Structures are given as structure tokens and as C-alpha cells.
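Undergrad: If you scroll down you'll find the structure; I have some questions about it.
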Amino acid sequence: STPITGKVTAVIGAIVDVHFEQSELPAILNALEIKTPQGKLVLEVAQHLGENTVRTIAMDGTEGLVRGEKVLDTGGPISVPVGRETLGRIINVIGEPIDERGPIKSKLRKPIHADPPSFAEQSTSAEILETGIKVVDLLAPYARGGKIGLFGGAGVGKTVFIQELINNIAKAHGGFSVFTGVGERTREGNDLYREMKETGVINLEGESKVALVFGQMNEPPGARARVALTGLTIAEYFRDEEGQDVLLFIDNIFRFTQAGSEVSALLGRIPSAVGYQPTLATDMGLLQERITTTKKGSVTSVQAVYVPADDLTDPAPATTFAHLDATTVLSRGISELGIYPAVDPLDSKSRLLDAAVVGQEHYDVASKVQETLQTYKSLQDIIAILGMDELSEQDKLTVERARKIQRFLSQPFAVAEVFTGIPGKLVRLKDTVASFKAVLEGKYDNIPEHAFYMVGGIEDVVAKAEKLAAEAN
Amino acid sequence: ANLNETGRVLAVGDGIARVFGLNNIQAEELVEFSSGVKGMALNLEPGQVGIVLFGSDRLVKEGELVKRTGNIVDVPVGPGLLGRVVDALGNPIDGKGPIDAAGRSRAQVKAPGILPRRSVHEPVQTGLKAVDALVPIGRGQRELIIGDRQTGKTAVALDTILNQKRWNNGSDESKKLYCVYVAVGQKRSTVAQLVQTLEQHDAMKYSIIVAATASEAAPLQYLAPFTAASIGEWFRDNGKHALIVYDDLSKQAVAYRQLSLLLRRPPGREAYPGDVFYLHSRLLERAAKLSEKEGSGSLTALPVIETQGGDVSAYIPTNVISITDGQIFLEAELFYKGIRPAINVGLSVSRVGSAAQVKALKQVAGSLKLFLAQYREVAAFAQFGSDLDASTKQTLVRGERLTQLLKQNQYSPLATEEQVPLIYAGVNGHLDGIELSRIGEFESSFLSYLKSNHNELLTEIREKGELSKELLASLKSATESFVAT
Amino acid sequence: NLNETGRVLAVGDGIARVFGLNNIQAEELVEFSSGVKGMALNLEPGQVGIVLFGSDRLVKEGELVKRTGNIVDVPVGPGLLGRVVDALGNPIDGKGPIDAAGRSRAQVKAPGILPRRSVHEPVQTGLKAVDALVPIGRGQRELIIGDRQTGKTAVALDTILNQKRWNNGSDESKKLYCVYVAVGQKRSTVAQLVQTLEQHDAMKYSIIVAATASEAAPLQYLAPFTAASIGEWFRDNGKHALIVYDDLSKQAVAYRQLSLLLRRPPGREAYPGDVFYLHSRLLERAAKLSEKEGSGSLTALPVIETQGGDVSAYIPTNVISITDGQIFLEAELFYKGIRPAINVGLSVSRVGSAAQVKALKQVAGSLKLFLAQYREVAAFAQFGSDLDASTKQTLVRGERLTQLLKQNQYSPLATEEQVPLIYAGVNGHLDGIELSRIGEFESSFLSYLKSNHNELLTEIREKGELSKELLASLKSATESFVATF
Ligand SMILES: Nc1ncnc2c1ncn2[C@@H]1O[C@H](COP(=O)(O)OP(=O)(O)OP(=O)(O)O)[C@@H](O)[C@H]1O
Ligand SMILES: Nc1ncnc2c1ncn2[C@@H]1O[C@H](COP(=O)(O)OP(=O)(O)OP(=O)(O)O)[C@@H](O)[C@H]1O
Ligand SMILES: [Mg+2]
Ligand SMILES: [Mg+2]
């Protein structure tokens, strides 16, 4: 019928050259297959060398290939199954399951390469996306269909902060989530999957809420630079089909740029500034632009960021930040004070922190909180040297005020119910703004500081103050 | 198989295509493939031809059919583009139906000769006080907007457009100033929301939008500035005035260095090709003031450049500065201290400002720029805490008052008539006595004092646009009397 | 034949390009008329590029070459223990032919996501500054990064020696076979390194894969993978194997050489794009197999040599990104006396307590604290006694806590001997003792316990924990010795 065959003519590293029949060469970015003792080899088209010969990039090992072997053409770019059947399933860049849970019985299969939504389909107004964390909605809110930067490695409970956003949104917006790992450490990938089954974000017997698509580091650049697109595709499905506020997690956006750099390196393309690929600028957009809010649904991206040599002048970071709308930083010094999550109020900033966006009230309320903490950070010197008595009636007041606000930021994670044992809470933007608004006015100066630690709601704050005081009697 | 107007694709990759044939094709001539993708013969060799791809190479297969357009790449130009959003090709992307173009112009036009030109002399109120006082812009000037990420680079260009509404709604034509915004390498949402703000302020009626998103192929971002330029050149030749803003040219060069490196070209500084200068050069030159014989039309340009860590010594930046007629640097430090717009008077410059500035401002603001320049030198030299003399201290008190007076909120454009009064007080020193925390409220309260009382002065500076020897005295006695109370 | 044979078209730079072998596999071995063998890494339509394992003086033009039909393979199994083999796996010590239990391909795929377990089995290195501060786990990838002549090998070397505590025992799930991978080191060095392990009776369970600098580049390329398989054997069969790559830096250089000579695209610092794929496909091979897989485990200690502390370099950045922690070493710290000079500030471990004995964890949780505050108040130590008492207390501890970590080379201590020293340090029973006698303190203190409180030490060795009873018994025994001292 329509069987397309070719023959390998060149093998150089992850770069393989196949020869097809005249006027029958598959287009570019397609998917070629080769028979291998393990399973099969996948080759993504890249260039048409000429003379009925095309150059593709290997998506797996190339050791063993021999000049002449047949090469099948799927005819279309790499495909990944889409649907509720991917939830709670480990999927690789090729789109095949590796969780040993059998084949993913899906109805449809979308390609990894998709054109960015049109200008007319774009929204004309940015709205805030209620997450479920006071430290977020009040300080650095998440933009609906925007890009958020997550800083800080292990030790700050990064993983714990991720599974959280997946639960909250699943209960408030009921939108699923998609985790994508580019050059993910096989070690961490294991502990992640397992942890997710312990928290409840992923249930085998019941219903999962988030789909996993890891791209091991021991994989060739070809696959590494496509992992992101694989996870994006699955997410766009629930945006255009079910129209949900899906969250796409990428860890880490840095290895995605590195991946491209190795690929473009082998192809022969000349190295740009700092060594990165010239095409870097366009690639970044072929991923960030696809993540937006449409008239049907929306996709919010929560991707980590790595700063090469603690330098922001570097192209990779420079280019990434150009799309970021908010940044949730996770400092060690924050979790050191017993503050969970370890979100840093000072570093966490958002491009939707204006009165023309969150309202004049929300604005002023958030601004005062930052002002209270800012002046408190500078007093952390004269206080630990000459005592606290070294403050005026107005200074000493704000100081005792900040002590409550900083602690009040903390929030019990509903996902870490089996970890701590304490019932988690889901604070809404409606109550959050009203909470701090009443603290600033100074309506709880007689209330103990411990009454604001790990408090779900303002109403619960007083509920705890009464218990602590009763136990003292 | 006519190897004279059509050929076959020999190879494709890296965004370039080598077609065989097309013996009657012109240099840099638009073309189309079997898939419908438009290209351009950037180079001609014996036995083959180089074509750039304006779309994804996925759609270009090896061995397809290639037809020629017979005309160089051009874009629809006319008054019908007003209120309409198009791309690099000139096609509508908003979905309000096809564009009503009066004609078609080449994408690559040569700048007007030396003879058919005149020095700029027509002020262009930006609405910003600190701007139209230190580094004013005139019809036909090329004012650069350099600054780091999130410093308010577009915030100065955007407010300018909204302030033009004061003359665009008038009857007279020579007063109106059309606007043409250019977005290249930006996000979809970023532009969409940008358009929405224009509609809220009802400024889209007299503005044209050209799109070159990052998702779009590099070349689109490369040709976007040139084409968008021709859109506004039309108004110039018709004796009208236009205003085009590139946001931003720095990304373009990056997009171009891509095709530059892909086509195997010896790398230069920061991996930019040696011909990167001719890029922005050929583009800016097409913005000037024509002679009266031409139509007395003009084309003001506002290119934007993004630097790193406040480095104006970079390559791309300097290349632009050696073309534009002045810069408006936006330091981040001043931006965080509240000082917004964060205009750094130290690096800000205007090569043809006084020539195109209102005489009412030239009189009240004398040597204000140089003073501020020397201000930061003595201010940053006394910030150690050391005690100084009366001479340096006196200049240090007056400098601070002026610095705070330059500050201004966004979306709050002020008439020249309203700006003149504020500058006068600063130089004289009436503000010196005034508390530092009362400088803001004072401005809003001082303007009301003139409207409620000395309104006649406002109406005189409006029409005349110059302060006579008599009005100068009536003004002094009117401010001094207010400073006392 | 032309299909199983080929003719040398050109030879040089240890790389000869042959014509023919139309059925040869990728990275497959081949044999020349002379006897020297090579493997084809590049498979071109016309010719085939093949690297050499020996001098290119043997290979001539037109010479005949035949296939081997086998990929780079090395013999694995328990027979290697106590031997010294080269990259290929041949004997070089002169102890006779090797007795392997099978072969494994140089290139093996890392264990999948599912067949693994969170590391939980500690790898006692016998280094106080390590097992206390940066704990290592069976299956972890801890990186030994540091400048030249800093003590990188010392760390690993002591680790191996510290294994006589379990390998000469009876239980297998407790032992740990050591596989050292000499890359780019002169023979004299290897011959000595080996001679040290023998004088300590460590060769009984150590495998040396020597890859001297004089040997062909590819040998230095395959060495790490060769040795990798050898250890995996132990891992697959349900055991424990420790492999130390010393050093990966030299490996990359070798690989760079082959890649350049073969005319492959040069990247940052002349390293091909697949250089990262090299180490990532090596380190990921070591892990912790689950209970179903055999509970086997392979630990990796890769060594990287920086150039003046530059951890920002290409190669280091790659390695540091893949591993799971670093044992950064600085020459400066070495000069002061702090040996091994393990920068506590930088040295980190992502697994941490997960793989550390609870007997030591109970006294180490706090030791990271004091040291942390010590580095912050280290400048004060240089000033007069005008320092308040609060900060002064920190200095008293730090000086002594830092003095305790100083451990002589070739002198590993068991956990039963570490806990007593850490416990006395943390509480502060040494603060009264002079900072000059801290060294002899360890000697006389250990000998004391092993004669009067031997029952306590042995309970810590077996239980691995410290009950409220021991915590009190240990404290009483300490205060008693400090008193009599
Ligand atoms: N005069 C001002 N007063 C207060 N806020 C301002 C002022 N000017 C700009 N801003 C704020 O700065 C924010 C950043 O937007 P802006 O476009 O000014 O930055 P930019 O440097 O132009 O960014 P880009 O160059 O990427 O477009 C705006 O959302 C605006 O609210
Ligand atoms: N713990 C220690 N105690 C005393 N001396 C030590 C210790 N560790 C290392 N040395 C000294 O270090 C020298 C060799 O250091 P080492 O081999 O550990 O560094 P290296 O990482 O191998 O550097 P190179 O890359 O040059 O081999 C020897 O002369 C020895 O005296
Ligand atoms: Mg801007
Ligand atoms: Mg060494």
C-alpha cells in the first residue's frame, strides 16, 4: 500500500543518514523507525542533504547500526498519546510507556510539533490564577497561561511545592497537570514517582491527576530537546478539548537549552555567542508561545530555572526570563526559620502585581506587607546588637507586626497529610486579602505570635488563640 | 519544466534552500513553493540559487516545485491600515477582513538623498516632562530608547502615542501625527494586551500594528522592521507626519545573526556578522524630514535596545547610538528608587532637541541638562557622609528638588503649557525652600492655582509658545506669591 | 571480498580511513594486517573512519583490514579481583590469564526508572570529615572535584582501605568490592598506587583498570566504560561495588582528541556536543537496584580536576550537574594544615542522612551548625580580645572542631571510633583543652575506651544507634577522661 522504505548510508554518533527513493523523501521533523533487538530506534528528520538523502537525529543509541539496513517512515512527526489515560503513567519522549503498566489505551495521538496559536485566538487581558497559597496570591501571584520561574534545588521541599499546585488547582479549577522532565536524573525520577503515590496526587486504583513524561539524562540530545514538546502536546489537549486550566511543569528549562546546544552542535551549525546555538532565539518561542490562554482553555507553565555560573547576562537565562511572568523563589534561609513553604516574600515577584490587575485594594494590601517586611529586614542588625528597645513607638510597632505577618505566610500542605499529620487548608484570594488587611490595621496585637503559625484561615487563627490561652489556665 | 521562471529544490535545511533553475530571477526577489511558502533569492550562483525560508522548513520538501513571483518582496501601504494589525507580509492577523491598501512598496527602500532634506524643527510632545525638557523629540528625529529589562523603554514610546490623540482628533492635518508600532521577538499575549490598552484609550484609530512574534521564523522578524517602515513612509511623501517605533531592534540582530551563522558567515564581535551595522543603518536612515518641495513630510523613529547590567558599552548598543540622534538611557537603579521614568540625565542626549523644542521651555530650562550631569558627580561624591562647603551643598539641595520634579507617573501626559511653569520654579530655587516630601503634591496644587487664577498665562504660552519679556514678569510675581503661601 | 574486508586509503594521527566493509557495524572492532586493532566510530557512504589502539606506524596505505563482528566487549566476574587489567581487559601484572565468568558490552544501558531504590545503605569512607559531614550512599554518585594536588585521591584511596572492616567478614550484603580506573596516569604512578593497596592488604578486593597516558586515546576512552561493566556484575548479581573514576577530566581530553581528528564539529573549548552524553551515559549506570532486581548497588566516585577553582568550566559543569554531590577540595585549606582539605562550605550531599549511620547522625546533626556559624565569624578571630563572649564561644568550638577533622592519611577510623570523638567535640568537652594537644587527645582517648569502656564501643558497632542509656554512659566516660586529663 503506502509503505515507505530507505537505507542507512551514514552513521556518525547520534547523527544517522538515510537514503530514500527519488521524489519520495519524507518531509522534515518526521519520524523514522529502525528494527532493534531491544525494541526499535527512532529518527527525527532534520535536513535533506540532497540526492535523495536526508539527515536525522537519533532518539536512542546508535551503536550497532550497519550501512544498508532498512528504515521505515511513519510519515508524520513523533506522536504522543493524549487523554485521561496518560494520567498516572510514565511516558518517554517517544510516547511509549516505560512504567511497565502495559500499553496506554488512548483514542487519539497528537504530534509533538504544533504551530503556536493564532494572534486572534489570544486573550486581550491577563487574569490572576488562584493557586491556593497565601504567599502566592498575595505576593507573587501566578498568571493564567503565563510562565513562572521556580528557583532553589533540593532541601527546600521543591517536590512538595509542586505536588501542592497540582492538588489545589485540581480542586479549585479541576484542571489536570503535566510534569515534564528534561534530562531528569534517573535517581530522582524514581523517588518522585514513588513520592507522588504516597501523597495522593497519583493513584493507581483510583484516578490520577497528573501525567508524567521523563527524559533520562542517559538519552541522546535528540530526545532531550523534544521531551518538553512531548509534555506540552498532552497538556494542550486538555486545553482545546476539555478547556481546563492545565499546569505544565518543566524541570529544568535550562537543560532544554543545553539539549538544543548539543543537537545544533552535531549538525554542524556554527556556534553563536557564548557557544549556544544561533537558532536558540526561535526554539525558545516554539515552546513558550504554545503555552497560553485561549478562548477554550488555558495552560499555566511552572518551570524551574538554573542560573549558569550565577550570571544573568548569559543568553540562556536572559532568553528564558523574557517569557517569565512571575517567580517563586525557594530560599534555604526561609525554611531554616521553620517557614513552610520556603517561599521568599522579598525575591518572589510578579508582573501582575498592579491595581489595574488585582485591584486597588489588593495592590495596597500586598504593598504594605512587603513594606512591613522590608523595613524589618534592615532592623535585623540593631536588634541583635543593642536589643529591641532601640526602636521608636512607630518602629517597634511594625516590628511586632512583621513577626506575625511573616509567620502567617506559612500554610499546611494538603498533599503532605501523611508527612506531618496536620490537616491542610486551601486559602482563597477572597479571604487572603481580607486577612492581612485586618492585621495591618492592628486588630490582633493582643493575639500571640504562635497563633498565626501554620494557620489555614483567619477565622482559624482566633480558633487557635482561644485554645492556647485555655491550656495556659 | 521551464528553467527560466521555475526550478526544482536540490536541498533544504538550516532555514536555507538551494533551488536549481530560475535563470530570469532578480536579486532578493520574492518566491513561492508548491507548499505555498514564500521565500527570497538572497544570493545567486551559477547553477543554483539561495533562498531564505519565511516559514518552517517542514513544509519545504526536497524535489518540489518552485514558482517565482516576479516582484521583490513588498507590503500593502495606505491609510486603510489604520486600526488594523498585520504581520511582516502585510496580511491581516486580527480578522477584521482584508486590508485596504492604496499601493505596494518595496520592502527594501533607499533613504532620501542629501538634497531632498531639511533640519528638524517640529516639536513632538511625548507627554513626559523629564523628556520634552532634557531630550525633546522632533518630527524627523531618531531618538533611541536604550535600557535594561523592565526599565520603562516602551513606557516612554507608548505614552507618546496616547498624547498624540490631542491633535489627531483635530481638523488640521499638519498637527496630526500617525503612529506605527513594530513588535518583533515579543510574545503573543504581550502584543495582544498592548493592543487592548490602545483601544481603551481610543488610540488604535490612528495607529498601525506590525507583528513579528518569536514563534514566527527568524526572517519574518528580520523583514518586519523594513516593511513596517514603508508603511509609514507613505504618510511622509504625502506631506503627512508619521511615527514608527521598533521594539526591539536588538532582538532582530539576534534573529539575523541566526541566518547569518546558518549561511556560514565569519563570526564577529559577540557572534554578530560584520554587516550588522548596515542592518540598523539602512533602516534608520529612512526616517527624516523632507524638504518643502517633497511635501514637507517627516518620519520620526523610536528604536529600542535592551542592554545587560546597564552596559551601554556593548556592541549592538553602540552601533545604534552611532546612528540615532540621541539616547534616553533607563538605569535600573533609579527605577527601583521610585524615580520613574528612570531617565539617566547623565547618558541621555538629544542631538537635535533645542532646534525642535518649544521656546517656552528653552527659556525656563537653561543649562538644566549640564547641571544635572554635574549633579550626580557631586551628589554621589557627598553620599559618603563627609561634610562639604556651602557651594557644593547649595547645588546639592537644588539638584534633589529638580530630580524629584522630573518624576512622573505613567499614563499621565502633561501639556507643554503645563510643563513650562514647573521647570521655571526649579531653576529659580523657589522649590528649594519647599520640603522634599511635598514636591509631588505641590505640582498638582500649583497647576490648579494657575487654572483657577492666572489662566491667562496658560492660554498665552499655548498659542504663542514663547515667553515674552512681559509675560516673564507676570509669571514670576505669580509663582513667588504662591511659594510664600 | 569488499564486504568483510577493506583497504586502507589514508592513515595518520592514530586514525586511518578504510574503504570497504559495507556490512560493518557501528563502533565495531576491526583487525589490521599488522595486528593492531581499531574501532570504526564514523560510518561514511564512501569510506569508514577507524581509530587505532596502537601506533599508526604499523598501519600503511593499501593495507588489508578485516572485521571482528564484535562490539567492544570486556570480560567480567570475580576473577578480576586482585589483578590489573587495561581498557580491553588483558592482564598487565603478569599473574597469568584471567578467569572471567562471562563478558559484557562496553556500552550498557542504565537501569530504568522502575528497577531502583532510594539509597539507604551507608558507604563508610573512614573519613571523619566525610562520614560526619558529607555521607555517601551505596548507589550514589558523589563527585570528588578539586584543583591539582589537593587530596582528591586520598579521599577515595582511604575509602577503599577502610573496607577491610567488612570484606574479610562473612556476610556479603555488607562487603564492598572496589574498582579503580586509572586514566591518563603515568605507569610509575599506577605501580605505586597498586603497591600501596598491597602493603595494606587491599588488593584482595580491588580491581585496577590501568589506562596509562602513553596508550592510544581510545583506550583512555573505553577505560571508564570497561570498568563500569566489571562493577555492574557485582550490582546485577545482588552485591555492592565501588568504582572511582580518576579522572574523568583526562577521559574527556582523550575523547576530544579522537573527535577532532575525525573532523567532527568542535564545541565550547573544542569539545563535541556528545561529550555530555558521554558522562551522563556513564554515571547513570551506577545506582541502587530494588529488592526484586537483586538489591544490588553500584557507587560512583568520579574525579574532576579544575583549573584554579574554576568550577564554571565546561567539563566540570557537566559532571557537577550529573552527580549527586561534591567533595570540593582547596589547596589553601591544605596549606593551613586542615588535611584532608574538604571545604565544608561547598561540599554537599543530596542524599545526606538517608545513607549515614544513626549512631553518627545523632551527633552530626549539630556539627554542621557550629561549623556553619564559625565560617561567618571567622574574621573576628583576627581582631583583639574586644570580641564579646557570645561570638568568642563560637571561635572556641570552631578552632577545635576543625582541628578534630584533621585526619592523617592511610588512617581510616570505624564509626565506633568516630562517635566518641564527635560527641566530645559537639558538647564542648575539649574547649578547656589546649588547641595544641587536640591531636594526642584522639590517641589517648580511643585507647582509654578500648580498655575501660570497650563494652560501649561494641554496642555502638552492632546496634548502630545511641540509646538514652548509652548517651549517658558515653557522657560519663568522657567527662571522666577529660577530668583525669
Ligand atoms: N512612570 C512610571 N511610573 C510607574 N510605573 C511605571 C512607569 N513607567 C513604567 N512603569 C511600569 O513598569 C512596567 C514594565 O513595563 P515597561 O513596558 O515600562 O517595561 P519595558 O522595559 O518597556 O519592557 P519591554 O522592554 O520588555 O517592553 C509597566 O507594567 C509599568 O507599570
Ligand atoms: N589526608 C592526608 N594527610 C596527609 N597528607 C595527605 C593527605 N591527603 C593527601 N596528602 C598529600 O597529598 C599528596 C598527594 O595528594 P593527592 O594525590 O590526594 O592529590 P590528587 O587529587 O591526587 O592530585 P593530582 O591530581 O596531582 O594527583 C601527597 O604528597 C600526600 O603527602
Ligand atoms: Mg519596552
Ligand atoms: Mg590523583
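Every residue number used here counts from 1 along the chain in the order it is shown.
Using N, Cα and C of the backbone, Cβ positions are placed for all residues, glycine too.
Sharing the features that Swiss-Prot gives for it:
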{"type": "MOD_RES", "residues": "B:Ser119", "note": "phosphoserine"}
{"type": "BINDING", "residues": "B:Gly147, B:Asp148, B:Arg149, B:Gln150, B:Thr151, B:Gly152, B:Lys153, B:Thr154", "note": "ATP binding site"}
{"type": "SITE", "residues": "B:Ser348", "note": "site 'Required for activity'"}
Undergrad: Enumerate in sequence order the recorded positions B:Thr151, B:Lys153, B:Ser348 whose Cβ-atom distance to ligand 1 is under 6 angstroms.
TA: B:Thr151, B:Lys153
Undergrad: Could you tell me the C-alpha distance between B:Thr154 (ATP binding site) and B:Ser348 (site 'Required for activity') in angstrom, no decimals?
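TA: For B:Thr154 (ATP binding site) versus B:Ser348 (site 'Required for activity'), the Cα atoms are 16 Å apart.
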Undergrad: For B:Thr154 (ATP binding site), just give me the three-state DSSP call.
TA: helix
Undergrad: I'd like to know which of the recorded positions listed (B:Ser119, B:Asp148, B:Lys153, B:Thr154, B:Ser348) lie near ligand 3, counting only a CB under 6 Å away.
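TA: Checked recorded positions vs ligand 3; flagged B:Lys153, B:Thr154.
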Undergrad: At the Cα level, what's the spacing in Å between B:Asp148 (ATP binding site) and B:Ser119 (phosphoserine), rounded?
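TA: Pair distance, Cα basis, whole Å: 31 Å.
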Undergrad: Recorded positions B:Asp148, B:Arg149, B:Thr151, B:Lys153, B:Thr154, B:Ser348: which sit with Cβ under 8 Å of a chain A Cβ?
TA: B:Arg149
Undergrad: May I ask which residues of the same chain, at least 6 positions away in sequence, place their Cβ under 8 angstroms from the Cβ of B:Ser119 (phosphoserine)?
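TA: The answer is B:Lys289, B:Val352, B:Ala355.
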Undergrad: With the cut-off set at 10 Å between Cβ atoms, which of these binding-site residues ends up with the most neighbours? Options: B:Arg149, B:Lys153.
TA: B:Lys153
Undergrad: Using the structure shown, find which entry in B:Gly147, B:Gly152 (the binding-site residues) has the sparsest Cβ neighbourhood within 10 Å.
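TA: Output over binding-site residues B:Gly147, B:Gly152: least Cβ neighbours within 10 Å is B:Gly152.
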Undergrad: Here are some recorded positions: B:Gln150, B:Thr151, B:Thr154, B:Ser348. Which one has the most Cβ atoms within 10 Å of its Cβ?
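TA: Answer returned by the neighbour count: B:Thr151.
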Undergrad: Once B:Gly147, B:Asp148, B:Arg149, B:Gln150, B:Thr151, B:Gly152, B:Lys153, B:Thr154 are set aside, which residues in the chain still have Cβ within 8 Å of the Cβ centroid of the ATP site?
TA: B:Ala155, B:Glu306, B:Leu330, B:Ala332, B:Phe335
Undergrad: Measure the Cβ-based neighbour count of B:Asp148 (ATP binding site), defined as the other Cβ atoms within 10 Å of its Cβ.
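TA: Looking across every protein chain shown, the total is 19.
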Undergrad: Distance between B:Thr151 (ATP binding site) and B:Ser348 (site 'Required for activity') at the Cα atoms, whole Å?
TA: 14
Undergrad: Check the DSSP secondary structure of B:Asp148 (ATP binding site), expressed as helix, strand or coil.
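TA: It is coil.
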Undergrad: For B:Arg149 (ATP binding site) and B:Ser348 (site 'Required for activity'), what Cα-Cα distance in Å is obtained after rounding to a whole number?
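TA: The separation of the Cα atoms works out to 17 Å.
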